[PDB]
Amino acid sequence: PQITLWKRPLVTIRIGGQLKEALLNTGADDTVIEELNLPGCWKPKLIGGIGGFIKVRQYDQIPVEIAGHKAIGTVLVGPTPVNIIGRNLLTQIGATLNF
Ligand SMILES: CCCC[C@@H](CN[C@@H](CCCC)C(=O)N[C@@H](CCC(N)=O)C(=O)N[C@@H](CCCNC(N)=[NH2+])C(N)=O)NC(=O)[C@@H](NC(=O)[C@@H](NC(C)=O)[C@@H](C)O)[C@@H](C)CC
């Protein structure tokens with residue numbers, strides 16, 4: 001699709017068998033999802049943003065479907081204000097910025 005930016009670029013994703021809503025985020029290196037159970041093992045990490053740092057659980061090689069497009073990669077789980085799809089997965093679905 002072509003998505004304009006008058007509204008937040010929110011889309012449906014599937015992760016761990018469950019549907020969620022997430023923000024397509026060119027300003028995020030990584031994909032960060034609200035607290036949930038994910039199958040498999042994780043390792044702790046800290047990530048930063050506009051206000052400081054939070055602690056997350058890093059899961060690797062997680063399948064994520066984003067608006068019907070498949071990705072498999074790193075998903076960070078923790079107390080993010082908004083579910084965000086970052087560049088690590090945006091590149092897998094061939095997403096670009098255009099103007
Ligand atoms: C979570 C809230 C929504 C997404 C977030 C993405 N902003 C980028 C900006 C880059 C830093 C300025 C971001 O957080 N990126 C992180 C996302 C986390 C991630 N792991 O990818 C990032 O790339 N972080 C890397 C980059 C390095 C940071 N610096 C450092 N480590 N020293 C990371 N590994 O820490 N947007 C925002 O922070 C904006 N918030 C919003 O638009 C709305 N606020 C809320 C709460 O939704 C609105 C109601 O204000 C700010 C700028 C106000 C306009």
# chains A, B, ... in the order shown; residues from 1 in each chain; ligands from 1
>>> select_by_dssp(residues="chain A", states="helix (DSSP H, G or I)", output="PyMOL selection string")
chain A and resi 87-90
>>> residues_around(residues="residue 27 (chain A)", least_positions_apart="3", cutoff="10 Å", atoms="only C-alpha atoms", output="MDAnalysis selection string")
chainID A and resid 24 30 49 84:87
>>> residues_near_ligand(ligand="ligand 1", cutoff="8 Å", atoms="only C-alpha atoms and all ligand atoms", output="list in words")
residues 23, 25, 26, 27, 28, 29, 30, 31, 32, 46, 47, 48, 49, 50, 51, 53, 76, 80, 81, 82, 83, 84, 86 and 87 of chain A
>>> atom_distance(atom1="CA of residue 96 (chain A)", atom2="CA of residue 17 (chain A)")
26.9 Å
>>> residues_around(residues="residue 77 (chain A)", least_positions_apart="2", cutoff="8 Å", atoms="only C-alpha atoms", output="PyMOL selection string")
chain A and resi 32-36+56-59+75+79-80
>>> write_last_selection(atoms="C-alpha atoms", output="PDB file, in the first residue's frame")
ATOM      1  CA  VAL A  32       8.924  -2.873  20.273  1.00  0.00           C
ATOM      2  CA  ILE A  33       5.710  -4.478  21.463  1.00  0.00           C
ATOM      3  CA  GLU A  34       3.808  -4.133  24.722  1.00  0.00           C
ATOM      4  CA  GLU A  35       4.180  -6.756  27.434  1.00  0.00           C
ATOM      5  CA  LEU A  36       3.047 -10.185  26.337  1.00  0.00           C
ATOM      6  CA  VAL A  56      12.912  -4.851  27.323  1.00  0.00           C
ATOM      7  CA  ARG A  57      13.040  -8.560  26.561  1.00  0.00           C
ATOM      8  CA  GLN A  58      14.714  -9.315  23.202  1.00  0.00           C
ATOM      9  CA  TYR A  59      13.315 -12.227  21.186  1.00  0.00           C
ATOM     10  CA  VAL A  75      11.011  -8.237  18.553  1.00  0.00           C
ATOM     11  CA  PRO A  79       6.620  -1.194  28.535  1.00  0.00           C
ATOM     12  CA  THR A  80       6.504   0.788  25.339  1.00  0.00           C
TER      13      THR A  80
END
>>> atom_distance(atom1="CA of residue 14 (chain A)", atom2="CA of residue 54 (chain A)")
23.8 Å
>>> closest_residue(among="A:62, A:71, A:22, A:10", to="residue 39 (chain A)", atoms="only C-alpha atoms")
A:62
